[PDB]
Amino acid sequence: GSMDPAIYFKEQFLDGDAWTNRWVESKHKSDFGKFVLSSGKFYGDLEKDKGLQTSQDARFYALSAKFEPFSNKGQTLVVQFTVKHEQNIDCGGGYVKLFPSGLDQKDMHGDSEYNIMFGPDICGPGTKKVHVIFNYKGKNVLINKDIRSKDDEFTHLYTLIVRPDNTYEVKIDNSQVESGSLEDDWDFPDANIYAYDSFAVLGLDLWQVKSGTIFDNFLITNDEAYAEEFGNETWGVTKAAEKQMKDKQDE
């Protein structure tokens, strides 16, 4: 329809283990850790809150999902997903990578030829940051701003908005935490820094010591307002009932 958002990618893991038809395990290493479909020990809803959980301690993870390729030139790009560190994590990634066409999904590991890297990373109390990394001039450029990530056991929504006028916005739990211009907050005037020829693959390319992190409700769209709606329909419905079930079990 004329007022529909473009939904480039969406994944909520609502249909059992049919997700294995959409996500590709990388074969680069023989001993990657295994992702598992799980809702956890405590949850908002048993079926709705099923996501990909890291099932093994002290392992690299390499899983990716492809979608119909698109370019963000001339329009907004929004990347959204939920991260739940149910384990009370010591050290481990919770970020995504957005790759252009031509990625060997079976060869993905520590891949640097992505367009954008985004999301929480935790490694001891001294590392508790949200990455926002852009590929430009063959260099992966990190944000000059310090964004603090969530460190508890609960589900949190992470949102990156990239606009065609070289502006960005970061939200945690549907609330702005950081905002500005791409020329100012990175070490890159070029009107097309924001723009990439193809997005084709979203990758989970991580190391964790204490595993048990759940990933859910992935959204790549061109609509800010829809991401916010979807965030509330998704993370916003999870939050209260999850806290409630956890509070219960704590006795």
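Residues carry their position along the shown sequence, with the first being 1.
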field: Residues with no coordinates between residue 188 and residue 189, taken from the deposited sequence as a class
entry: 4 to 9
- request: On mean C-alpha B-factor from the PDB entry, just flag whether 211-219 or 195-203 is the higher one.
  value: 195-203
- prompt: Taking the recorded C-alpha temperature factors, which stretch has the higher mean, 231-239 or 21-29?
  reply: 21-29
- prompt: Of the options 103, 170, 96, 83, which has the highest CA B factor as deposited?
  reply: 103
statement: Residue set 107, 152, 121, 90, per-entry CA B-factor max assigned to 107
query: Considering only modelled residues of the same chain, in which third does the CA B-factor of residue 156 rank: lowest, middle or highest?
result: lowest
Residue 78 - Cα temperature factor, lowest/middle/highest third of chain: lowest
Residue 60 - which third its CA temperature factor falls in, relative to the rest of the chain: lowest
message: Ranking every modelled residue in this chain by its Cα temperature factor as given in the entry, which third contains residue 182?
response: highest
- prompt: Comparing residue 69 with the other modelled residues of its chain, is its CA B-factor in the lowest, middle or highest third?
  reply: highest
